[PDB]
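Now for the letters of each chain:
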Amino acid sequence: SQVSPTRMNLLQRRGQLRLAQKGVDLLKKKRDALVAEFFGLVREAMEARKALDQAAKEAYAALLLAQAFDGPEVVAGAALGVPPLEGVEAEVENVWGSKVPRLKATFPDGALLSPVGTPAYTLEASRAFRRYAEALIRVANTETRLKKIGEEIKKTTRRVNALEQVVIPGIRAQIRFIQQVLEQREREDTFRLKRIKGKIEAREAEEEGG
Amino acid sequence: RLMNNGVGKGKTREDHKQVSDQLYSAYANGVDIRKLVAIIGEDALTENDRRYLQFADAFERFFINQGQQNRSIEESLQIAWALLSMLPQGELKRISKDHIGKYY
């Protein structure tokens, strides 16, 4: 446990305030940018996604003239058109606490090129993956962005607060603590010096008058 | 300082001395929550807080003010009890159950 030092430190802790006060000045508007850039992405996300997600099933579920029970047959029958279930190009990108990696796989999913002649409905029904799958990849890189930008936002403003209502007003109180403590010392000056005068003159009016 | 003096039976009601202390820590742990909200995440804090939260409000803008107007130890204590109700009886650990059965 300790208080501070006692002097000069006043000035230093003032440049503490400078550091803080000015630091935190800018500390928001660091984040102003990122919050700014954030809105566009919020907009963009679901657009194509909602559209063709619904259009995947459109024919798919709705062409079971054979496809449901001869779904078995066909679904077997045309299964595994190109299933690597892989494509990861791992991407790193600015995210605070760790630049989190995102990534995209990128390979087909079936739609009118699948092996063998076979029935007709099949292939179009298989086509649906373009519109669940392929398109669903878009959210694989956009939906993570929302959380990532969260992290930052939150963590940052978190400090804002702390600095703003813990650090600063405390260290404010530091400055004071010094100030007054220097001051009362300065009484002593006055008093000591005070006494000196009384003596020097009180002593001397007795030589020429007594 | 004084207070555990001039309280209790035959001087005042006998539940006074007790219903102090309950309130004390109750309100206490209310604001306490409200601090930490602003740090990690508001709704990332314990769910059995939200009531203790709201309990801080009641004692807040509901009770404290009373404008200008005469009041009475009676009328006071009556609404002093009002405070407790919302939080369970099973959460009031600094008072015995007899006064709880005196009122609620």
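Residues numbered from 1 in each chain as written, not as in the entry; some residues may be left out. Chains lettered and ligands numbered in written order. Part of a larger assembly, values for the part shown. Heavy atoms only, no water. Residues with missing side-chain atoms left out of burial classes, pairs and counts.

Caption draft 1: Layout of the overall build of chain A. Within chain A, the secondary structure is distributed over 5 helices and 2 strands. Each helix and strand of chain A, ordered N terminal to C terminal, gives the series α-α-α-β-β-α-α. Its C-alpha atoms give chain A principal-axis dimensions of about 140 × 25 × 25 Å. (Helix = DSSP H or I, 4+ residues; strand = E, 2+ residues; numbered from the N terminus.)

Caption draft 2: Examining the overall build of chain B more closely. Counting its secondary structure elements, chain B contains 3 helices and 0 strands. The N-to-C order of helical and strand elements in chain B reads α-α-α. Counting only C-alpha atoms, chain B reaches 50 × 35 × 30 Å along its principal axes.

Caption draft 3: Summary view of unusual backbone geometry. All names here are of chain A. Non-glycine residue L80 carries a positive phi angle of around 55°. The backbone of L112 sits at a positive phi, close to 40°, despite the residue not being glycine. Locating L112 in the fold gives a position in the loop between β2 (101-104) and α4 (121-127).

Caption draft 4: Quick look at the environment of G87 of chain A. Tracing the sequence through the fold places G87 of chain A in the loop between α3 (71-77) and β1 (89-92). The contacts of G87 of chain A, once residues within four sequence positions are left out, are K104, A105 and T106 of chain A. (Contact = heavy atoms within 4.5 Å.)

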